[PDB]
$ cat entry-v4.cif   # mmCIF, C-alpha atoms
data_run
loop_
_atom_site.label_atom_id
_atom_site.label_comp_id
_atom_site.auth_asym_id
_atom_site.auth_seq_id
_atom_site.Cartn_x
_atom_site.Cartn_y
_atom_site.Cartn_z
CA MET V 1 -48.10 59.24 -24.00
CA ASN V 2 -49.96 62.48 -23.27
CA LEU V 3 -49.01 64.98 -20.60
CA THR V 4 -49.44 68.63 -19.74
CA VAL V 5 -46.32 70.80 -19.80
CA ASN V 6 -46.55 74.32 -18.37
CA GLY V 7 -50.32 74.06 -18.67
CA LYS V 8 -50.33 73.06 -22.32
CA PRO V 9 -50.91 69.74 -24.15
CA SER V 10 -47.81 67.76 -24.97
CA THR V 11 -47.07 64.35 -26.46
CA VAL V 12 -44.20 61.90 -26.24
CA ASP V 13 -44.27 59.16 -28.86
CA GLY V 14 -42.11 56.14 -28.13
CA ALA V 15 -42.36 56.14 -24.33
CA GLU V 16 -44.96 54.94 -21.82
CA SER V 17 -43.21 56.87 -19.04
CA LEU V 18 -40.04 58.83 -18.33
CA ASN V 19 -38.10 59.90 -15.27
CA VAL V 20 -37.57 63.61 -14.69
CA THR V 21 -33.92 63.49 -15.68
CA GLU V 22 -34.79 62.07 -19.09
CA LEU V 23 -37.63 64.61 -19.47
CA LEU V 24 -35.43 67.64 -18.81
CA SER V 25 -32.86 66.45 -21.31
CA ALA V 26 -35.33 65.39 -24.00
CA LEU V 27 -37.22 68.71 -23.80
CA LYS V 28 -33.77 70.31 -23.53
CA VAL V 29 -35.00 72.64 -20.82
CA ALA V 30 -32.86 75.79 -20.71
CA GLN V 31 -30.63 76.23 -17.67
CA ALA V 32 -31.82 72.86 -16.40
CA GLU V 33 -29.11 73.14 -13.75
CA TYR V 34 -31.06 75.82 -11.92
CA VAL V 35 -34.70 75.23 -12.88
CA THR V 36 -37.45 74.09 -10.50
CA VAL V 37 -39.70 71.22 -11.52
CA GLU V 38 -43.28 70.72 -10.35
CA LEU V 39 -45.12 67.44 -10.91
CA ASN V 40 -48.87 67.36 -10.31
CA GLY V 41 -48.65 70.53 -8.21
CA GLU V 42 -45.75 69.47 -6.05
CA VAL V 43 -42.24 70.88 -6.18
CA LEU V 44 -39.71 68.10 -6.72
CA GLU V 45 -36.25 67.65 -5.23
CA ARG V 46 -33.48 67.48 -7.82
CA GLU V 47 -32.02 64.54 -5.87
CA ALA V 48 -34.99 62.37 -6.85
CA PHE V 49 -35.11 63.30 -10.55
CA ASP V 50 -33.83 59.86 -11.60
CA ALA V 51 -36.49 58.04 -9.56
CA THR V 52 -39.48 60.33 -10.10
CA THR V 53 -41.55 59.20 -13.06
CA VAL V 54 -43.93 61.09 -15.33
CA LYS V 55 -46.76 59.06 -16.85
CA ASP V 56 -49.66 59.62 -19.24
CA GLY V 57 -51.90 62.36 -17.90
CA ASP V 58 -49.36 63.90 -15.49
CA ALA V 59 -48.84 67.69 -15.30
CA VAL V 60 -45.30 69.03 -15.23
CA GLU V 61 -44.22 72.64 -14.77
CA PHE V 62 -40.84 74.26 -15.29
CA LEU V 63 -40.21 77.35 -13.18
CA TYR V 64 -37.19 79.60 -12.65
CA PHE V 65 -36.67 81.55 -9.44
CA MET V 66 -34.30 84.53 -9.29
CA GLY V 67 -34.01 87.18 -6.58
CA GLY V 68 -32.26 88.29 -3.40
CA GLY V 69 -33.83 86.11 -0.72
#
$ encode --input "entry-v4.cif" --output "structure tokens"
Amino acid sequence: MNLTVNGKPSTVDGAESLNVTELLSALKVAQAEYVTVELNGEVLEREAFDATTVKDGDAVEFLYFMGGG
């Protein structure tokens, strides 16, 4: 399947879809504990990572927020 990750082309052979939890682990996203995930321009809630699914053509973004506020 094809998807966009942080604005760039990405491919996942062997899967037609994946939930966010599997995605984070597979891509072994650093400090996944405190990383923010955006799917198709919407910030996701960590509580729904197991249910939220990424399919061919979706755009995912990994962001990290740090600061005193």
$ residues_around --input "entry-v4.cif" --residues "segment 22-38 of chain V" --least-positions-apart "4" --cutoff "7 Å" --atoms "only C-alpha atoms" --output "VMD selection string"
chain V and resid 18 42 to 44 60 to 64
$ atom_distance --input "entry-v4.cif" --atom1 "atom CA of residue 15 of chain V" --atom2 "atom CA of residue 48 of chain V"
20.0 Å
$ closest_residue --input "entry-v4.cif" --among "V:1, V:16, V:7, V:69" --to "residue 41 of chain V" --atoms "all atoms listed in the file"
V:7
$ atom_distance --input "entry-v4.cif" --atom1 "atom CA of residue 20 of chain V" --atom2 "atom CA of residue 40 of chain V"
12.7 Å
$ axis_aligned_box --input "entry-v4.cif" --around "segment 41-60 of chain V" --padding-each-side "4 Å" --output "AutoDock Vina command-line options"
--center_x -42.0 --center_y 64.5 --center_z -12.2 --size_x 27.9 --size_y 20.8 --size_z 22.0
$ decode --input "entry-v4.cif" --residues "segment 26-67 of chain V" --atoms "N, CA and C atoms" --output "CSV table (one decimal), in the first residue's frame"
chain,number,residue,atom,x,y,z
V,26,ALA,N,6.0,-0.5,13.7
V,26,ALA,CA,6.7,-0.9,12.5
V,26,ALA,C,7.7,0.2,12.0
V,27,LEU,N,7.3,1.4,12.0
V,27,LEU,CA,8.2,2.5,11.6
V,27,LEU,C,9.2,2.8,12.7
V,28,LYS,N,9.0,2.1,13.9
V,28,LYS,CA,9.8,2.3,15.1
V,28,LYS,C,10.0,3.8,15.3
V,29,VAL,N,8.9,4.6,15.4
V,29,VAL,CA,9.0,6.0,15.6
V,29,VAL,C,9.6,6.3,17.0
V,30,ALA,N,10.7,7.1,17.0
V,30,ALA,CA,11.4,7.5,18.2
V,30,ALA,C,10.5,8.1,19.2
V,31,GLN,N,10.7,7.8,20.5
V,31,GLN,CA,9.9,8.4,21.6
V,31,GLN,C,8.4,8.4,21.2
V,32,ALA,N,7.9,7.2,20.8
V,32,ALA,CA,6.5,7.0,20.4
V,32,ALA,C,5.6,7.3,21.6
V,33,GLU,N,6.1,7.2,22.8
V,33,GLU,CA,5.3,7.5,24.0
V,33,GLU,C,4.8,8.9,24.0
V,34,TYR,N,5.7,9.8,23.7
V,34,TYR,CA,5.3,11.2,23.6
V,34,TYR,C,5.5,11.9,22.2
V,35,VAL,N,4.8,11.3,21.3
V,35,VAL,CA,4.8,11.9,19.9
V,35,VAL,C,3.4,12.1,19.5
V,36,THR,N,3.1,13.1,18.7
V,36,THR,CA,1.7,13.4,18.3
V,36,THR,C,1.5,12.9,16.8
V,37,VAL,N,0.4,12.2,16.6
V,37,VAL,CA,0.2,11.7,15.3
V,37,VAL,C,-1.0,12.4,14.6
V,38,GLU,N,-0.8,12.8,13.3
V,38,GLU,CA,-1.8,13.5,12.5
V,38,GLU,C,-2.1,12.6,11.3
V,39,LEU,N,-3.4,12.4,11.1
V,39,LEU,CA,-3.9,11.5,10.0
V,39,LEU,C,-4.8,12.4,9.1
V,40,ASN,N,-4.4,12.6,7.9
V,40,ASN,CA,-5.2,13.4,6.9
V,40,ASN,C,-5.5,14.8,7.5
V,41,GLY,N,-4.5,15.4,8.2
V,41,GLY,CA,-4.7,16.7,8.7
V,41,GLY,C,-5.4,16.9,10.0
V,42,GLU,N,-5.6,15.7,10.7
V,42,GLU,CA,-6.3,15.8,12.0
V,42,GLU,C,-5.5,15.1,13.0
V,43,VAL,N,-5.3,15.8,14.2
V,43,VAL,CA,-4.6,15.3,15.3
V,43,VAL,C,-5.4,14.2,15.9
V,44,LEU,N,-4.7,13.0,16.1
V,44,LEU,CA,-5.4,11.8,16.7
V,44,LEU,C,-5.2,11.7,18.2
V,45,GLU,N,-6.1,11.0,18.8
V,45,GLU,CA,-6.0,10.8,20.3
V,45,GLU,C,-5.4,9.4,20.5
V,46,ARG,N,-4.3,9.4,21.3
V,46,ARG,CA,-3.6,8.1,21.5
V,46,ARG,C,-4.5,7.0,22.0
V,47,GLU,N,-5.6,7.3,22.6
V,47,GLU,CA,-6.6,6.3,23.1
V,47,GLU,C,-7.2,5.5,21.9
V,48,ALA,N,-7.3,6.1,20.7
V,48,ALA,CA,-7.9,5.5,19.6
V,48,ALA,C,-6.9,4.9,18.6
V,49,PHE,N,-5.6,4.8,19.0
V,49,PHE,CA,-4.6,4.3,18.1
V,49,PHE,C,-4.9,2.9,17.6
V,50,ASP,N,-5.4,2.1,18.4
V,50,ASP,CA,-5.7,0.7,18.0
V,50,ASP,C,-6.8,0.6,17.0
V,51,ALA,N,-7.8,1.5,17.1
V,51,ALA,CA,-8.9,1.5,16.2
V,51,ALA,C,-8.8,2.3,14.9
V,52,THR,N,-8.0,3.4,15.0
V,52,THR,CA,-7.7,4.2,13.8
V,52,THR,C,-6.9,3.5,12.8
V,53,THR,N,-7.4,3.5,11.5
V,53,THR,CA,-6.7,2.8,10.5
V,53,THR,C,-6.2,3.6,9.4
V,54,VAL,N,-5.0,3.3,8.9
V,54,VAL,CA,-4.4,4.0,7.8
V,54,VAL,C,-4.4,3.2,6.6
V,55,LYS,N,-5.0,3.7,5.5
V,55,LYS,CA,-5.1,2.9,4.2
V,55,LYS,C,-4.3,3.6,3.1
V,56,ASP,N,-4.3,2.9,2.0
V,56,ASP,CA,-3.6,3.4,0.8
V,56,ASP,C,-4.1,4.8,0.5
V,57,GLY,N,-3.1,5.7,0.3
V,57,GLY,CA,-3.4,7.1,0.0
V,57,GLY,C,-3.5,8.0,1.1
V,58,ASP,N,-3.5,7.5,2.4
V,58,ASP,CA,-3.6,8.4,3.6
V,58,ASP,C,-2.3,9.1,3.8
V,59,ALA,N,-2.4,10.2,4.5
V,59,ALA,CA,-1.3,11.1,4.9
V,59,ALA,C,-1.1,11.1,6.4
V,60,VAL,N,0.1,10.6,6.9
V,60,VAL,CA,0.3,10.6,8.3
V,60,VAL,C,1.5,11.5,8.6
V,61,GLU,N,1.4,12.1,9.7
V,61,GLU,CA,2.5,13.0,10.2
V,61,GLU,C,2.9,12.7,11.6
V,62,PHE,N,4.2,12.8,11.9
V,62,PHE,CA,4.7,12.5,13.2
V,62,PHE,C,5.3,13.8,13.7
V,63,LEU,N,4.7,14.4,14.8
V,63,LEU,CA,5.2,15.6,15.4
V,63,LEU,C,5.5,15.5,16.8
V,64,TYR,N,6.5,16.3,17.3
V,64,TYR,CA,6.9,16.3,18.7
V,64,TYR,C,6.8,17.7,19.3
V,65,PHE,N,6.0,17.9,20.3
V,65,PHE,CA,5.8,19.2,20.9
V,65,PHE,C,6.6,19.2,22.3
V,66,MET,N,7.4,20.2,22.5
V,66,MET,CA,8.1,20.4,23.7
V,66,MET,C,8.1,21.9,24.0
V,67,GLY,N,7.9,22.3,25.3
V,67,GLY,CA,7.9,23.7,25.7
V,67,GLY,C,7.1,23.9,27.0
